[PDB]
Every structure is written in structure tokens, then in C-alpha cells.
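Take a look at the letters that make up each chain.
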Amino acid sequence: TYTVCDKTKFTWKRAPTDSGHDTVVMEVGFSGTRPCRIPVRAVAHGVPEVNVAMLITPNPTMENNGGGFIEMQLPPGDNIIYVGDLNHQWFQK
């Protein structure tokens, strides 16, 4: 069922973590659907005040390894990625 992936199919493989350069990345693993378009967004410290999902990688698909890595960022503060129903805060400095 390759499509917009179900909100329960991705799993925290790696909560939002510094990409290794300056941006931030996360890792998610799938649970059924072949390469699917995962609904990734991000809020600020659990608050949907402003979508902090400025995706350095604005097209995450979940393949046999899951979504791989997703890049996101915003000016310093608390960025948490909300992959459908998946959520996890990260303080980016």
C-alpha cells in the first residue's frame, strides 16, 4: 500500500538529533507499507505555535530500512518532529 504512510507505521529509530553539521535529523522505521510518503512536520517544544519543520530533506520515504534519515531545522530553540503521530522534542542550539 505505497502511499501516505500510516501514523503507526513509523517508529522512533532515532529521535531528532543534530545532523552532524548544523541541522537536525531523525530516523524512523516502518511497519508495513513499502516506500511510503511519511507525513513529517515539527512543532516547537510540544507547541504547534509555528511549524519548525524546515526540512533540509523535504521528502522522507520509508523503505525496507524505514524512512532512513529526515533533516529538519529552525532558528535555535526547541524543535520536535511530529511524524504523523510520532513525536519527540530536541533542543537545537
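- Structure determination for this entry is recorded as solution NMR.

A short note on the pattern of salt bridges
At step 1: Inspection of every chain in the model, using the stated rule, returns two salt bridges.
At step 2: Residue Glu-27 is joined to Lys-13 by a salt bridge in which the shortest nitrogen-to-oxygen separation is 3.5 Å. You can see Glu-27 sitting in strand β2 (residues 24–29) and its partner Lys-13 sitting in strand β1 (residues 11–18), a full 14 residues away along the chain.
At step 3: For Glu-27, a relative accessible area of 18% translates into the label buried.
At step 4: With a closest N to O distance of 3.0 Å, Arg-14 and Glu-27 form a salt bridge. Of this pair, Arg-14 sits in strand β1 while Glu-27 is found in strand β2, placing the two residues 13 residues apart along the sequence.

Looking at the state of the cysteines
At step 1: Inspection of the entire model under this criterion finds one disulfide.
At step 2: One disulfide bridge connects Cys-5 with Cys-36, the sulfur atoms lying 2.0 Å from each other. Judged by the sign of its S-S torsion, about -70°, the bond between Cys-5 and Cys-36 is left-handed. Residue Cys-5 is located in the segment before β1, and its partner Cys-36 is located in strand β3 (residues 36–37); the two are separated by 31 residues in the primary sequence. Like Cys-36, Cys-5 is buried.

Cut-off values and rules
- Residues numbered from 1 in each chain as written, not as in the entry; some residues may be left out.
- Heavy atoms only, no water.
- Salt bridge = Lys/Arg side-chain N within 4 Å of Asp/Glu carboxyl O.
- Helix = DSSP H or I, 4+ residues; strand = E, 2+ residues; numbered from the N terminus.
- Buried < 20%, exposed > 50% of the residue type's maximum accessible area, 1.4 Å probe, protein only.
- Disulfide = S-S within 2.5 Å.

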